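One structure is given below, encoded as structure tokens.
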Amino acid sequence: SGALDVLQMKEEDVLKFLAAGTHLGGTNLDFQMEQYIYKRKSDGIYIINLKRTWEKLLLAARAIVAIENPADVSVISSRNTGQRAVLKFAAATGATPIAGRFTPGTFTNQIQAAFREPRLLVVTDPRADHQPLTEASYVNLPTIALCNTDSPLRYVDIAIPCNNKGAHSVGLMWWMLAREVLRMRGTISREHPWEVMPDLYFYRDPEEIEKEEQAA
Amino acid sequence: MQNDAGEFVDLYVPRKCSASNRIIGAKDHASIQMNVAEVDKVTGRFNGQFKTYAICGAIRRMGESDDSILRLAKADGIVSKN
Amino acid sequence: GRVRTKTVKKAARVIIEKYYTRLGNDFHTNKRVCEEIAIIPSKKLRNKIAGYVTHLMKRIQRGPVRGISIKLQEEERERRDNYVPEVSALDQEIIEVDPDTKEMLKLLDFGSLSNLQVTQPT
Amino acid sequence: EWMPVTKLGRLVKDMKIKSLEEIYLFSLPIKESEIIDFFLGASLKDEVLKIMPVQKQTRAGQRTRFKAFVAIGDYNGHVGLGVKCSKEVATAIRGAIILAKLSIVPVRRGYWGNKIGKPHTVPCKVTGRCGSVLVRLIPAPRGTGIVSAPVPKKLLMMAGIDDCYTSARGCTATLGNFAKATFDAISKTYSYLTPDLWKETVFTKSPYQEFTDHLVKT
Amino acid sequence: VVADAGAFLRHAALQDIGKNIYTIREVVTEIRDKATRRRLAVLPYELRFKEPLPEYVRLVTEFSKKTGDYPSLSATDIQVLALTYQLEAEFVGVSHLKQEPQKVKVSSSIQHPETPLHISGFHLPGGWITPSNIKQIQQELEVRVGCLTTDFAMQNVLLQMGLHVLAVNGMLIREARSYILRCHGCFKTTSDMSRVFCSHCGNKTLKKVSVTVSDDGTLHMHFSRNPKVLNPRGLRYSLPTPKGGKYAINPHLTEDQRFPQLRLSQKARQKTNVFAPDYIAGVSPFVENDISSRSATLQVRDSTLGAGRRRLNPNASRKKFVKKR
RNA sequence: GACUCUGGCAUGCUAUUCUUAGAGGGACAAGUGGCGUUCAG
Ligand SMILES: [Zn+2]
């Protein structure tokens, strides 16, 4: 957002951020993440400044949009929280999704069935997904991460400060990233709301399958 | 890389890091060349032009490529004030 | 003579395992749906896969109907993957907010929010 | 017949990448030896630095294997160094040749005094370190030749360095550490920054971003 | 008179007190304990299986989302609650019941959440465990339809509505006091006492808060006005770089992160039982330890072991010659 | 030769029905009748 009024964060975005719990950081804090923060309240919870979250999200969207072939962007989650969201993100944009276990050597071992060469890496957690970050450091891959307050910025180029622990917050951040990529590309008008609702990006959690299919 | 005749006698000119002004070497596989799309100031859509930043592998090892790219984006007017 | 290769067989096997619903009796509709489902770069083996899926669906249709019935979870896993509720879970009437979060929102120019409720720490 | 696997190999196989220096410009990993055999090819010469036998200790007993140190070099340009241990001496030699082709690096050549003609020596004194071995390369006037021990003499002749003063320190008796240290210094020729390279770098497109429309087809 | 899994798990011989004994199939098929499954094959068969039509399941769902207990219950709990609701509607008049439950009122005290009140053995200043009190110390003990439920969340929503509940005892329960976990970041309450990460924001921030539910339908929550509870003392400390492989143990930051499998061997995780009829035939009084397996050399420990070590703050001083695993 | 590439026909796109040279189509045993373990052929 280059001080553009069309790119400013609106009221409903703030309401979604507060409802998901994106502003709630961890109780631990890495010193490289201290730039992106508002203050520590007395409970020990660090509060993430949402304007900086919006700015880094728009910067990541600018990085993603700048790539001609959308399949060269690889989007990775290993833990369940991001899994569905990553797949949905691919369906939004055409990025290559890696959900589940990341096989080591996916980007270096050229003699392998699952070998691939991305041009951008967008990842859910630098702590859980450390192996693709190190691997990206081996193969000249730029990296975008969804970082919490306790996240290492080792081999991260664009860090988006958010709550990456809760399911709703992870799904919401993936949904807004897809929305801003598609808005900068020009396939969706900015004045109308997106018809894709962020509940599609959430973790689905099979006892919630049984609880919801019973009440249906 | 230039003799007294004026001929440019050098195989290639390596690029320098945008953050630390160090030469990005031939076998520096942790180096990053990021393109950031710039947008039209009225419709907010991808104009077609972009800003290019090169970060060497040492800065990215240090964990400081994040603040480097952020301050370069403030320098280029991509990320607004505050 | 002519014999089918292993690559066409396994790709056609994945295609029939995934999207049995879309395939039909005509050949070129099978060819176009196989073209738009997956990534196949060259034309010739794509046509080979189209012929092979046409052959195996002609073979399956003759087979007594029960193979088709056990393909029931595929769509449920799909409908579950793409389920949304009627009302968004993030669209909450009243949301509880820390006093420091309220100060952050006030300093970030969203002081006129109406759905917020400030709960003091007791 | 070479069927490339990497995107870089596919671009090298086609006429998209014209010179190897482009791959050096963007610091891309070279994972296929056929790229080096395509660009340099017949100009590459290879000298086996050392063949030595070892008795590898296995539960069936001590079995003899051969370890090969091989330096490969495009004269007036490029060098690579490779170490391979294998059952047969020919297998170890060809593995070391492949591994040294994968590690081809370019070397910077400068002038000692005034800059008349082609560059002949190193631009400045550079230092490479490997396992207590220090190798220091000092610019030398034209016609002096390489004043060094035989192993860095071989690597420096393959680099296209016509003349250089050398100073080594440490346990030089181990050949691998010595060769790796002099290799490190002649890589640090392009790792070094001089007032020649002070102008701001204009950023061109990477081969992956320039030929993406060709790469989506294959 | 519906029976939950807690009735058969606690061996409720309560088929005589009731006549409308109704159970689901999934409450009786999910039980893994061999003794009560053997008991079910011996017990007189007056229970009959009954499945609810889903309008009651729908309504139970929308006020489960309003009472704040929907993430706490499971689907079969919703089925049992809908079963007792639909029988109360079928036999008894429905107008006795109020919907859209009341507002909770706040009354905090200076007591610590870890104060050991309502524990049977413990006694401040008499409270004795005697052979005549063992069958009676279950919980706080206080016409045609009922429940046999021990889980608190179902009781909380059920008395929020107003159905009379009973337990494996005889007389019905009017008051239910227990503990819940409350997040102090997102203010979402959970009735699951086992979990340590909250479902909404995912932080390790749940703290104990006591609750009391009346038969009338009033919920009220006792907080603690003790600054020791909300003290951020050992919360920020340097974390190591994330490590992978077969032996890495990460500092457990999220509820669903993938840990490598490091299990104890079966010889290592056998505890001796001394009241076995064949125990005296043994050559040793105790089970032989595990000193030969690979899990012994890797110093794999049980999950429940070493809990007080984790409770010390990491920015403190351990003893000089020790290492904390 | 169950290996790799590939032709016939384009009144289609590209500077274009008669000459060009890049790309995109078109053919896959696709369809029919018999012999066939009713499946490989
Ligand atoms: Zn929470």
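Scheme for the structure tokens: letters A, B, ... for chains in order shown; per-chain residue numbers from 1; ligand numbers from 1 in order shown.
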
>> Taking only C-alpha atoms (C1' of nucleotides) and all ligand atoms and a cut-off of 12 Å, can you tell me which residues surround ligand 1, written as number ranges by chain?
In response: A: 18-27, 45, 163, 165-169; C: 96-97; E: 181-190, 196-207

>> Considering only strand (DSSP E or B) as DSSP defines it on the backbone, what residues of chain C qualify? List them as a ChimeraX atom specification.
In response: /C:95-97,116-118

Go ahead and save the residues from that selection, with C-alpha atoms, as a PDB file, in the first residue's frame.
```pdb
ATOM      1  CA  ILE C  95     -16.998  -9.636  20.053  1.00  0.00           C
ATOM      2  CA  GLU C  96     -15.042  -9.280  23.294  1.00  0.00           C
ATOM      3  CA  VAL C  97     -11.931  -7.098  23.077  1.00  0.00           C
ATOM      4  CA  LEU C 116     -16.960  -4.384  20.140  1.00  0.00           C
ATOM      5  CA  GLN C 117     -17.431  -5.113  23.849  1.00  0.00           C
ATOM      6  CA  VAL C 118     -14.588  -4.239  26.237  1.00  0.00           C
TER       7      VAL C 118
END
```

>> I'd like to know which residues of chain C are helix (DSSP H, G or I) (by DSSP, run on the backbone); could you write them as a PyMOL selection string?
In response: chain C and resi 6-18+27-37+43-62+73-81+99-107

> What lies within 12 Å of residue 26 in chain F using only C-alpha atoms (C1' of nucleotides), ignoring chain neighbours under 6 positions off, as JSON, numbers by chain?
Replying inline: {"C": [43, 44, 47], "F": [8, 9, 10, 12]}

Could the residues in this selection be written to a file with N, CA and C atoms (P, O5', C5', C4', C3', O3' and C1' of nucleotides), as a PDB file, in the first residue's frame?
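The resulting selection-v5.pdb:
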```pdb
ATOM      1  N   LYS C  43      -0.246 -34.111 -27.379  1.00  0.00           N
ATOM      2  CA  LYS C  43      -1.580 -34.455 -27.863  1.00  0.00           C
ATOM      3  C   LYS C  43      -1.768 -35.964 -27.979  1.00  0.00           C
ATOM      4  N   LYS C  44      -0.714 -36.677 -28.386  1.00  0.00           N
ATOM      5  CA  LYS C  44      -0.858 -38.066 -28.818  1.00  0.00           C
ATOM      6  C   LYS C  44      -1.214 -38.985 -27.656  1.00  0.00           C
ATOM      7  N   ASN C  47      -4.725 -38.395 -26.478  1.00  0.00           N
ATOM      8  CA  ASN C  47      -5.700 -39.138 -27.273  1.00  0.00           C
ATOM      9  C   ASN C  47      -5.681 -40.623 -26.919  1.00  0.00           C
TER      10      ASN C  47
ATOM     11  P     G F   8       1.587 -33.578 -43.338  1.00  0.00           P
ATOM     12  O5'   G F   8       0.928 -34.409 -44.525  1.00  0.00           O
ATOM     13  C5'   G F   8       1.436 -34.306 -45.850  1.00  0.00           C
ATOM     14  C4'   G F   8       0.776 -35.282 -46.791  1.00  0.00           C
ATOM     15  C3'   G F   8      -0.734 -35.110 -46.961  1.00  0.00           C
ATOM     16  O3'   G F   8      -1.091 -35.319 -48.324  1.00  0.00           O
ATOM     17  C1'   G F   8      -0.255 -37.319 -46.265  1.00  0.00           C
ATOM     18  P     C F   9      -1.658 -34.093 -49.193  1.00  0.00           P
ATOM     19  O5'   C F   9      -2.863 -33.531 -48.315  1.00  0.00           O
ATOM     20  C5'   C F   9      -4.140 -34.150 -48.359  1.00  0.00           C
ATOM     21  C4'   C F   9      -5.120 -33.487 -47.421  1.00  0.00           C
ATOM     22  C3'   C F   9      -4.964 -31.989 -47.223  1.00  0.00           C
ATOM     23  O3'   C F   9      -5.494 -31.220 -48.288  1.00  0.00           O
ATOM     24  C1'   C F   9      -5.305 -33.033 -45.129  1.00  0.00           C
ATOM     25  P     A F  10      -4.788 -29.838 -48.712  1.00  0.00           P
ATOM     26  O5'   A F  10      -4.527 -29.093 -47.327  1.00  0.00           O
ATOM     27  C5'   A F  10      -5.213 -27.889 -47.002  1.00  0.00           C
ATOM     28  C4'   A F  10      -6.237 -28.096 -45.911  1.00  0.00           C
ATOM     29  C3'   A F  10      -6.900 -26.819 -45.406  1.00  0.00           C
ATOM     30  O3'   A F  10      -8.253 -27.086 -45.038  1.00  0.00           O
ATOM     31  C1'   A F  10      -5.762 -27.874 -43.620  1.00  0.00           C
ATOM     32  P     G F  12      -9.717 -19.329 -45.135  1.00  0.00           P
ATOM     33  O5'   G F  12      -9.563 -20.326 -43.899  1.00  0.00           O
ATOM     34  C5'   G F  12      -8.374 -20.343 -43.121  1.00  0.00           C
ATOM     35  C4'   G F  12      -8.659 -20.622 -41.667  1.00  0.00           C
ATOM     36  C3'   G F  12      -7.805 -19.849 -40.677  1.00  0.00           C
ATOM     37  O3'   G F  12      -8.271 -18.530 -40.456  1.00  0.00           O
ATOM     38  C1'   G F  12      -7.825 -22.126 -40.067  1.00  0.00           C
TER      39        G F  12
END
```

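Considering the residues D:140, D:70, D:12, D:116 and counting only C-alpha atoms, residue 3 in chain B has its shortest atom-to-atom contact with D:116.
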
>> as a PyMOL selection string, please: the residues near range 55-65 of chain A (cut-off 10 Å, only C-alpha atoms (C1' of nucleotides), same-chain neighbours under 6 positions excluded).
In response: (chain A and resi 1-2+7-9+36+72-73+93+95+119-122+142-146+157-162+173-174+176-185) or (chain B and resi 34-39+45-46+48+50-51+69-70+73+78-80+82)

> Quick one: residues within 12 Å of residue 6 in chain B, only C-alpha atoms (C1' of nucleotides) counted, chain neighbours fewer than 4 positions away excluded, as a PyMOL selection string?
Replying inline: (chain B and resi 1-2+10) or (chain D and resi 115-118)

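Excluding residue 19 in chain D itself and same-chain residues fewer than 3 positions from it, the residues having an atom within 10 Å of it are residues 12, 15, 16, 22, 23, 24, 38, 39 and 40 of chain D, counting only C-alpha atoms (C1' of nucleotides).
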
> range 62-74 of chain C: which residues within 12 Å, counting only C-alpha atoms (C1' of nucleotides), same-chain residues fewer than 4 positions away excluded, as a PyMOL selection string?
Replying inline: (chain C and resi 16-21+55-58+78-81) or (chain F and resi 38)

>> Distance limit 12 Å, atoms considered: only C-alpha atoms (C1' of nucleotides). Which chain C residues sit that close to chain F? Return them as a PyMOL selection string.
In response: chain C and resi 1-6+8+25-28+30-31+43-55+59+62-63

Can you build me a table of chain E residues sitting at most 12 Å from chain C, with the closest atom pair per residue and its distance in Å to one decimal, using only C-alpha atoms, sorted by chain and residue number, as JSON lines?
```
{"residue": "E:65", "atom": "CA", "partner": "C:89", "partner_atom": "CA", "distance": 11.1}
{"residue": "E:66", "atom": "CA", "partner": "C:92", "partner_atom": "CA", "distance": 11.9}
{"residue": "E:106", "atom": "CA", "partner": "C:122", "partner_atom": "CA", "distance": 8.8}
{"residue": "E:107", "atom": "CA", "partner": "C:122", "partner_atom": "CA", "distance": 9.2}
{"residue": "E:108", "atom": "CA", "partner": "C:122", "partner_atom": "CA", "distance": 7.2}
{"residue": "E:109", "atom": "CA", "partner": "C:122", "partner_atom": "CA", "distance": 9.6}
{"residue": "E:110", "atom": "CA", "partner": "C:122", "partner_atom": "CA", "distance": 10.9}
{"residue": "E:183", "atom": "CA", "partner": "C:121", "partner_atom": "CA", "distance": 11.5}
{"residue": "E:184", "atom": "CA", "partner": "C:121", "partner_atom": "CA", "distance": 8.3}
{"residue": "E:185", "atom": "CA", "partner": "C:98", "partner_atom": "CA", "distance": 7.8}
{"residue": "E:186", "atom": "CA", "partner": "C:96", "partner_atom": "CA", "distance": 7.2}
{"residue": "E:187", "atom": "CA", "partner": "C:96", "partner_atom": "CA", "distance": 7.1}
{"residue": "E:188", "atom": "CA", "partner": "C:96", "partner_atom": "CA", "distance": 9.5}
{"residue": "E:200", "atom": "CA", "partner": "C:90", "partner_atom": "CA", "distance": 11.2}
{"residue": "E:209", "atom": "CA", "partner": "C:122", "partner_atom": "CA", "distance": 11.2}
{"residue": "E:221", "atom": "CA", "partner": "C:122", "partner_atom": "CA", "distance": 11.2}
{"residue": "E:222", "atom": "CA", "partner": "C:122", "partner_atom": "CA", "distance": 9.8}
{"residue": "E:223", "atom": "CA", "partner": "C:122", "partner_atom": "CA", "distance": 6.9}
{"residue": "E:224", "atom": "CA", "partner": "C:122", "partner_atom": "CA", "distance": 7.4}
{"residue": "E:225", "atom": "CA", "partner": "C:122", "partner_atom": "CA", "distance": 6.3}
{"residue": "E:226", "atom": "CA", "partner": "C:122", "partner_atom": "CA", "distance": 9.3}
{"residue": "E:227", "atom": "CA", "partner": "C:122", "partner_atom": "CA", "distance": 10.2}
{"residue": "E:229", "atom": "CA", "partner": "C:122", "partner_atom": "CA", "distance": 11.2}
{"residue": "E:230", "atom": "CA", "partner": "C:121", "partner_atom": "CA", "distance": 9.6}
```

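In this structure, the chain C residues at most 12 Å away from chain D are residues 39, 40, 41 and 42 of chain C, with only C-alpha atoms considered.
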
Return as JSON lines the residues of chain D lying at most 7 Å from chain B, together with the closest atom-to-atom pair for each and the distance in Å to one decimal, counting only C-alpha atoms, with rows in chain order and ascending residue number.
```
{"residue": "D:21", "atom": "CA", "partner": "B:12", "partner_atom": "CA", "distance": 6.1}
{"residue": "D:24", "atom": "CA", "partner": "B:26", "partner_atom": "CA", "distance": 4.9}
{"residue": "D:25", "atom": "CA", "partner": "B:14", "partner_atom": "CA", "distance": 5.6}
{"residue": "D:27", "atom": "CA", "partner": "B:26", "partner_atom": "CA", "distance": 4.5}
{"residue": "D:28", "atom": "CA", "partner": "B:29", "partner_atom": "CA", "distance": 6.3}
{"residue": "D:29", "atom": "CA", "partner": "B:29", "partner_atom": "CA", "distance": 6.5}
{"residue": "D:115", "atom": "CA", "partner": "B:3", "partner_atom": "CA", "distance": 4.8}
{"residue": "D:116", "atom": "CA", "partner": "B:4", "partner_atom": "CA", "distance": 5.8}
{"residue": "D:190", "atom": "CA", "partner": "B:25", "partner_atom": "CA", "distance": 6.6}
{"residue": "D:191", "atom": "CA", "partner": "B:25", "partner_atom": "CA", "distance": 5.5}
{"residue": "D:193", "atom": "CA", "partner": "B:23", "partner_atom": "CA", "distance": 6.6}
{"residue": "D:196", "atom": "CA", "partner": "B:1", "partner_atom": "CA", "distance": 6.9}
{"residue": "D:201", "atom": "CA", "partner": "B:15", "partner_atom": "CA", "distance": 5.7}
{"residue": "D:203", "atom": "CA", "partner": "B:52", "partner_atom": "CA", "distance": 6.8}
```

>> Considering only C-alpha atoms, can you say which of E:54, E:170, E:245, E:68 comes closest to chain A?
In response: E:54

> Quick one: which residues from chain C are at most 12 Å off chain A, using only C-alpha atoms, as a ChimeraX atom specification?
Replying inline: /C:39,76-117,121-122

Can I get the selection written as a short mmCIF file (atom, residue, chain, number, x, y, z; two decimals), in the first residue's frame, with N, CA and C atoms?
```cif
data_model
loop_
_atom_site.label_atom_id
_atom_site.label_comp_id
_atom_site.auth_asym_id
_atom_site.auth_seq_id
_atom_site.Cartn_x
_atom_site.Cartn_y
_atom_site.Cartn_z
N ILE C 39 -3.11 -32.00 -16.34
CA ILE C 39 -2.07 -31.38 -17.16
C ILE C 39 -1.42 -32.49 -17.99
N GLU C 76 -18.57 -36.94 -1.29
CA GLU C 76 -18.79 -36.46 0.10
C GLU C 76 -17.51 -35.80 0.58
N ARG C 77 -16.36 -36.43 0.32
CA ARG C 77 -15.07 -35.80 0.67
C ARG C 77 -14.96 -34.49 -0.12
N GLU C 78 -15.45 -34.49 -1.37
CA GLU C 78 -15.43 -33.26 -2.21
C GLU C 78 -16.42 -32.23 -1.64
N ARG C 79 -17.66 -32.65 -1.34
CA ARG C 79 -18.69 -31.70 -0.84
C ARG C 79 -18.27 -31.22 0.55
N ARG C 80 -17.61 -32.07 1.34
CA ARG C 80 -17.07 -31.63 2.65
C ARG C 80 -15.95 -30.63 2.38
N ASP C 81 -15.03 -30.97 1.48
CA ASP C 81 -13.91 -30.04 1.15
C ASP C 81 -14.48 -28.67 0.76
N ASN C 82 -15.62 -28.64 0.05
CA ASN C 82 -16.16 -27.34 -0.42
C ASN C 82 -17.43 -26.95 0.35
N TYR C 83 -17.59 -27.42 1.59
CA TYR C 83 -18.74 -26.98 2.37
C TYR C 83 -18.52 -25.60 2.97
N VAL C 84 -19.56 -24.78 2.93
CA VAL C 84 -19.62 -23.51 3.65
C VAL C 84 -20.96 -23.47 4.39
N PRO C 85 -21.07 -22.77 5.51
CA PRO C 85 -22.37 -22.62 6.17
C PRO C 85 -23.17 -21.49 5.52
N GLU C 86 -24.40 -21.32 6.00
CA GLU C 86 -25.26 -20.26 5.48
C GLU C 86 -24.88 -18.90 6.06
N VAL C 87 -24.35 -18.88 7.29
CA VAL C 87 -23.96 -17.66 7.97
C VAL C 87 -22.49 -17.79 8.35
N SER C 88 -21.72 -16.74 8.08
CA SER C 88 -20.28 -16.78 8.34
C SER C 88 -20.00 -16.81 9.84
N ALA C 89 -19.05 -17.66 10.23
CA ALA C 89 -18.69 -17.78 11.64
C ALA C 89 -17.91 -16.57 12.14
N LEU C 90 -17.25 -15.84 11.25
CA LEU C 90 -16.56 -14.61 11.62
C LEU C 90 -17.50 -13.42 11.74
N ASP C 91 -18.72 -13.53 11.23
CA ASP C 91 -19.71 -12.46 11.34
C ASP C 91 -20.45 -12.63 12.66
N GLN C 92 -19.82 -12.15 13.73
CA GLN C 92 -20.36 -12.26 15.07
C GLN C 92 -20.97 -10.92 15.50
N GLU C 93 -22.08 -11.01 16.23
CA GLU C 93 -22.81 -9.82 16.65
C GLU C 93 -22.01 -8.99 17.65
N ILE C 94 -21.50 -9.64 18.70
CA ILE C 94 -20.74 -8.97 19.75
C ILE C 94 -19.44 -9.74 19.96
N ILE C 95 -18.32 -9.04 19.88
CA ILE C 95 -17.00 -9.64 20.05
C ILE C 95 -16.29 -8.97 21.23
N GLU C 96 -15.71 -9.78 22.10
CA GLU C 96 -15.04 -9.28 23.29
C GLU C 96 -13.61 -8.89 22.96
N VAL C 97 -13.19 -7.73 23.47
CA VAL C 97 -11.93 -7.10 23.08
C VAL C 97 -11.23 -6.58 24.33
N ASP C 98 -9.91 -6.81 24.40
CA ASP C 98 -9.09 -6.32 25.49
C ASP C 98 -9.06 -4.79 25.52
N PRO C 99 -8.85 -4.18 26.69
CA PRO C 99 -8.66 -2.72 26.73
C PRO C 99 -7.46 -2.23 25.93
N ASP C 100 -6.38 -3.00 25.90
CA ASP C 100 -5.21 -2.61 25.11
C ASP C 100 -5.47 -2.76 23.62
N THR C 101 -6.23 -3.79 23.23
CA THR C 101 -6.64 -3.91 21.84
C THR C 101 -7.57 -2.77 21.45
N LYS C 102 -8.43 -2.34 22.38
CA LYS C 102 -9.29 -1.18 22.12
C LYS C 102 -8.47 0.09 21.95
N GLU C 103 -7.41 0.25 22.75
CA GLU C 103 -6.51 1.39 22.58
C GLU C 103 -5.78 1.33 21.24
N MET C 104 -5.38 0.13 20.82
CA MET C 104 -4.73 -0.04 19.52
C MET C 104 -5.67 0.34 18.39
N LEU C 105 -6.93 -0.07 18.48
CA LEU C 105 -7.91 0.27 17.46
C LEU C 105 -8.23 1.76 17.47
N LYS C 106 -8.23 2.37 18.66
CA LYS C 106 -8.46 3.81 18.76
C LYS C 106 -7.32 4.60 18.14
N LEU C 107 -6.08 4.16 18.38
CA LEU C 107 -4.91 4.80 17.80
C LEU C 107 -4.76 4.50 16.32
N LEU C 108 -5.38 3.44 15.82
CA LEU C 108 -5.30 3.07 14.42
C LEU C 108 -6.52 3.57 13.65
N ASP C 109 -7.30 4.48 14.24
CA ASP C 109 -8.42 5.28 13.71
C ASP C 109 -9.73 4.51 13.61
N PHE C 110 -9.81 3.29 14.14
CA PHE C 110 -11.09 2.59 14.23
C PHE C 110 -11.71 2.72 15.61
N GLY C 111 -11.94 3.97 16.04
CA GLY C 111 -12.58 4.20 17.32
C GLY C 111 -14.10 4.17 17.28
N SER C 112 -14.68 4.11 16.09
CA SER C 112 -16.13 4.14 15.92
C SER C 112 -16.71 2.76 15.64
N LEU C 113 -16.07 1.71 16.14
CA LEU C 113 -16.58 0.36 15.95
C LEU C 113 -17.75 0.10 16.88
N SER C 114 -18.74 -0.65 16.39
CA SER C 114 -19.99 -0.83 17.12
C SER C 114 -20.19 -2.24 17.66
N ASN C 115 -19.55 -3.24 17.07
CA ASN C 115 -19.71 -4.62 17.51
C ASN C 115 -18.79 -5.00 18.66
N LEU C 116 -17.95 -4.08 19.12
CA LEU C 116 -16.96 -4.38 20.14
C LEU C 116 -17.56 -4.30 21.53
N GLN C 117 -17.06 -5.14 22.44
CA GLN C 117 -17.43 -5.11 23.85
C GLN C 117 -16.15 -5.26 24.66
N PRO C 121 -10.30 -7.10 32.84
CA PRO C 121 -9.79 -8.33 33.47
C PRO C 121 -10.15 -8.42 34.94
N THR C 122 -10.97 -9.41 35.29
CA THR C 122 -11.41 -9.59 36.67
C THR C 122 -10.69 -10.76 37.32
#
```
